[PDB]
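If you're matching them up, the sequences are chains 1M and 1X in order.
Its first residue numbered 1, the first sequence is counted upward by one per residue in PDB author numbering.
Its first residue numbered 1, the second sequence is counted upward by one per residue in PDB author numbering.
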Amino acid sequence: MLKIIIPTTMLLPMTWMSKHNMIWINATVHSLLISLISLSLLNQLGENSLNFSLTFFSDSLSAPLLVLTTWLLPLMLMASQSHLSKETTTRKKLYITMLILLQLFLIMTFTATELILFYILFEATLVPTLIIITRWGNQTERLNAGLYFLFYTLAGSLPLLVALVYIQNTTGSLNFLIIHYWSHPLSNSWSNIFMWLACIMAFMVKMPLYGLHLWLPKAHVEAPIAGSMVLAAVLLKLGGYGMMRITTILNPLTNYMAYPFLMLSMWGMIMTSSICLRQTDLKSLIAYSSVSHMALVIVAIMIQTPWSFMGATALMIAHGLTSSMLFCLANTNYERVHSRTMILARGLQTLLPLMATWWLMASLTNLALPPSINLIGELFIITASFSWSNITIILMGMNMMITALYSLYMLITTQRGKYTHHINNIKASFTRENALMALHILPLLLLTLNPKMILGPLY
Amino acid sequence: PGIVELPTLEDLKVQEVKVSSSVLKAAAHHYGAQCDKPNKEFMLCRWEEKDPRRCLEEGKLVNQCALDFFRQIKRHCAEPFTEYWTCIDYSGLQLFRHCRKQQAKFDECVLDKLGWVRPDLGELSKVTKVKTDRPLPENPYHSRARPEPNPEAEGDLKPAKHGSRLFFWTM
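Here is the structure:
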């Protein structure tokens, strides 16, 4: 993985010494070649995970997420120099450095072999995101955002650390391959119940589960766009990925304690969706939609069914792409209006036809229009849940319904109407954002064409 | 838990030489010269055995020899010794410094009546070698068996198997 790690690390000196004008160009292009190199990592052996070294390995679950992060890295670079144009060169270089360190930590996380190293980099993603959210944020509760986000993450992270070190003392090693091959049945002891809770609740905090999901409507809504997309697209996937890794040594106990959280998500995905309907801000609506989709992924994880795992992975990838695109579109409109209430600027479909389209298939993919990978990922989870329990369907059946409502509602109330007369700053569509939504959208349908890649390790 | 063995009153029924401390001090040097063998044997027994309940017979024999010495000095040089020890007894600190003439009379009397000479300065404080015939106490302190020493650490050292073996650090 050092064919991807070493270039990512060496990307830091390039930006840190590039001229006052070349930082954006150089970072964008070289991150694009980094994504190209990581495109190779989609090469997967039939059943054996690709073990590059002792400390680094990859399989059909880590590789798609890694490719997602590496391909994403140019996208924040393209979305940031709009709101980062009027800044000192050193400050811009550090913003870029925060982004590269974030991507590097995500790569080491996804390619980590020992659970402790996975925890180290997984949590270590907090710091660059914290700096991005706090310093470069524009709204008020950004300072409150950082506190909420850090403390919510850590409150689950530390018990996970205690559980992992206890596992190391008892089992012998935290290596994934060992704990899977040398896996042993888990007894229904209450100490084992608390161990399962410690191993689960950190990822479920970052999932998020309903109830303890307040860090997203107070974090993604406030972060700069680059931070917002890197949060929603991948950082949410950290908990799902960790759960998929950890349920190997968390059975057969899970089912007995699967009952509270599963429905907590199942019911929660309704409320969040309902919360999406009666929203006032675009970014908050997208954040709550992300919460609902991630709750569906939670249900997929706790079913522990092959089909559930494949649908889960597909939903993570598709949701990352769709949420990043929706946040980018919201930023474009907000910057054009310097406000975020989704009533101030409506009826812009005529003014910006390409934005009107980009919003149209962004909503369609968010609404999971078949045969997009969003729809197949959702439907696989629906079928797995129905096999696990029939009634789930109606709740599932409710979700996209309400989702569809808001999935079109903002499009009705932001572009499908009459323009506001007193505003005039809406200029011609700068081709930067249009191109950015292109690099968002075309890979989505490309993966729709061949979903065997994002299908996960169960395929 | 045990027995505090004590020799019965019959063994320690010595003749109990009875002279005052001044009388003892007056005849100190000559007694040390002409009675060194019993004192030395008894003290070597005391220091070696470290048990006064064992060397009681040497305590008898030293008193016997001391009484013999005093009987001889009574029989041959009674008057000069009496005057010398009285003059020693007058002093509060019992110093030989004030009483030198009587010391001279006593010394010449015992020299020409019992063939004695006073030890020179420091002669009576030299470590002597005794020819006692008792065995050497194998365990004077009655020490029990010592605990076995911890297993000695030995052997060639090779690199630690698989490095530090501390989490993900392979090397």
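Ideal placement from N, C-alpha and C gives every residue a C-beta, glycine not left out.
Report the residues of the region 48 to 78 of chain 1M with a CB closer than 9 angstroms to any CB of chain 1X, ordered along the chain. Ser53, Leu54, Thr55
Sequence-distant residues of the same chain with beta carbon closer than 7 angstroms to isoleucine 275 (chain 1M), five excluded per side: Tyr288
Taking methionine 342 (chain 1M) as part of the alpha helix (DSSP H), name the residues at either end of that continuous run. Counting along the chain, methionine 342 (chain 1M) falls outside any alpha helix (DSSP H), and DSSP gives it neither H nor E.
Are the region 27 to 47 of chain 1M and the region 84 to 91 of chain 1M in contact at 8 angstroms, needing three or more beta carbon pairs? no
Please name the residue, chosen from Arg165 (chain 1X), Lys18 (chain 1X), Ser143 (chain 1X), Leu6 (chain 1X), that lies closest to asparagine 63 (chain 1X) on a Cα-to-Cα basis. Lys18 (chain 1X)
Sequence ranges, beta strand (DSSP E) only - wholly within the region 273 to 326 of chain 1M, length at least 3: none
Residue from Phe52 (chain 1M), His220 (chain 1M), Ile381 (chain 1M) with nearest C-alpha to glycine 137 (chain 1M): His220 (chain 1M)
Starting from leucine 117 (chain 1M), find everything on chain 1X with Cβ-Cβ shorter than 8 angstroms and list it in chain order. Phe167, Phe168
So, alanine 295 (chain 1M) versus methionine 207 (chain 1M), is the Cβ gap smaller than 9 angstroms? yes
Round the Cβ separation of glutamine 102 (chain 1X) and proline 80 (chain 1X) to the nearest angstrom and send it over; I've been treating them as touching at under 8 angstroms. 7 angstroms
Beta-carbon gap between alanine 233 (chain 1M) and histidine 319 (chain 1M) smaller than 9 angstroms: yes
Among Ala330 (chain 1M), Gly347 (chain 1M), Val165 (chain 1M), which one has its Cα closest to the Cα of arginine 340 (chain 1M)? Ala330 (chain 1M)
What is the C-beta distance between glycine 156 (chain 1M) and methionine 201 (chain 1M), in whole angstroms, given that I count them as a contact (C-beta under 8 angstroms)? 5 angstroms
Which of the residues in the region 101 to 126 of chain 1M, read from start to end, lie with their CB under 9 angstroms from any CB of chain 1X? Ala112, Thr113, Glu114, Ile116, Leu117, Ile120
When you compare the region 146 to 165 of chain 1M with the region 122 to 131 of chain 1M, are there three or more beta-carbon pairs, one atom per stretch, that lie closer than 8 angstroms? yes
Going by other Cβ atoms of all chains shown within 10 Å of its Cβ, with 16 needed for buried, is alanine 428 (chain 1M) buried or exposed? exposed
To which residues does DSSP link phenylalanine 56 (chain 1M) through a beta bridge? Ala112 (chain 1M)
In its own chain, which residues sit with a C-beta less than 7 angstroms from the C-beta of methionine 14 (chain 1M), not counting the 5 before and 5 after it? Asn26, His30
Contact criterion: CB-CB distance below 9 angstroms. Does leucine 158 (chain 1M) meet it with respect to chain 1X? no
Please state whether DSSP places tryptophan 116 (chain 1X) in a helix, a strand or coil. coil
Report the option in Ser58 (chain 1M), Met1 (chain 1M), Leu45 (chain 1M), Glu335 (chain 1M) whose CA atom is closest to the CA atom of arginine 245 (chain 1M). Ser58 (chain 1M)
Using alpha carbons as the reference points, say which of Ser80 (chain 1M), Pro74 (chain 1M), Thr111 (chain 1M), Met78 (chain 1M) lies closest to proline 64 (chain 1M). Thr111 (chain 1M)
What runs of the alpha helix (DSSP H), each 4 residues or longer, lie entirely inside the region 365 to 392 of chain 1M? 373 to 388
If we cut at 9 angstroms on Cβ distances, does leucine 32 (chain 1M) have a partner in chain C? No chain C is part of this structure, whose protein chains are labelled 1M and 1X.
Contact between the region 31 to 50 of chain 1M and the region 59 to 78 of chain 1M is defined here as three or more beta-carbon pairs at a separation below 8 angstroms; is this criterion met? yes
Bridge partners for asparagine 175 (chain 1M) per DSSP, in chain order? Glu114 (chain 1M)
Could you tell me how far apart the beta carbons of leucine 209 (chain 1M) and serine 265 (chain 1M) are, in whole angstroms, since I believe they sit closer than 8 angstroms? 6 angstroms
Quickly, what does DSSP pair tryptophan 169 (chain 1X) with across the bridge? List them, please. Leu166 (chain 1X)
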